[PDB]
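Following the UniProt record's numbering, the numbering of the sequence shown begins with 2 at its first residue and continues without gaps. Note that the Cβ used here is the ideal one computed from N, Cα and C, for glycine as well. Below is one structure; the comments refer to it alone.
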Amino acid sequence: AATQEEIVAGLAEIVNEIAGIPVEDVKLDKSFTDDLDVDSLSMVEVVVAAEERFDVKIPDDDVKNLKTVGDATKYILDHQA
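Next comes the structure, spelled out in structure tokens:
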């Protein structure tokens, strides 16, 4: 559905409405609850929306097992079509 940069870009669309980050900020050298506004519990609202956005399905387990957006993209961009 999107490539690495586009995954990140798509993520940021939701992270902008949830927390409020600049959609020019969230690039590959970012992490969610580290380099973002830290939605924290609200990040679950991000990921659930992101699943459908990128044609993936991310288990609650994997969500907390991933780290950066460069790391998260690995699971996403690979599992999607």
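Check: What is the rounded straight-line gap between the Cα of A20 and the Cα of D40?
Finding: One-based indexing of the sequence shown puts residue 20 at position 19. One-based indexing of the sequence shown puts residue 40 at position 39. If you take the alpha carbons of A20 and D40, they lie about 6 Å apart.
Note to self: Please state whether the Cβ-Cβ distance between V16 and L37 is less than 7 Å.
What the structure shows: In the sequence shown, counting from the first residue as 1, residue 16 sits at position 15. In the sequence shown, counting from the first residue as 1, residue 37 sits at position 36. With respect to the 7 Å criterion, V16 and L37 are classified as neighbours on the basis of their beta carbons.
Note to self: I22 and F55 - do their beta-carbons sit closer together than 7 Å?
What the structure shows: As a first step, residue 55 is located in the sequence shown; it is residue number 54 there, counting from the start. As a first step, residue 22 is located in the sequence shown; it is residue number 21 there, counting from the start. Against a cut-off of 7 Å, the Cβ pair of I22 and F55 comes out as no contact.
Next item on the list: Could you check the C-alpha separation between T69 and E6 for me, to the nearest Å?
Entry: As a first step, residue 69 is located in the sequence shown; it is residue number 68 there, counting from the start. As a first step, residue 6 is located in the sequence shown; it is residue number 5 there, counting from the start. So the two alpha carbons sit approximately 13 Å from each other.
Next item on the list: Have a look at the DSSP bridge pairing and note the partners of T69.
Entry: In the sequence shown, counting from the first residue as 1, residue 69 sits at position 68. Within the DSSP bridge table, the entry for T69 names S32 as partners.
Next item on the list: Identify whether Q81 lies in helix, strand or coil by the three-state DSSP scheme.
Entry: Within the sequence shown, numbered from 1, the residue matching residue 81 stands at position 80. Taken through DSSP and simplified to helix, strand or coil, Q81 comes out as coil.
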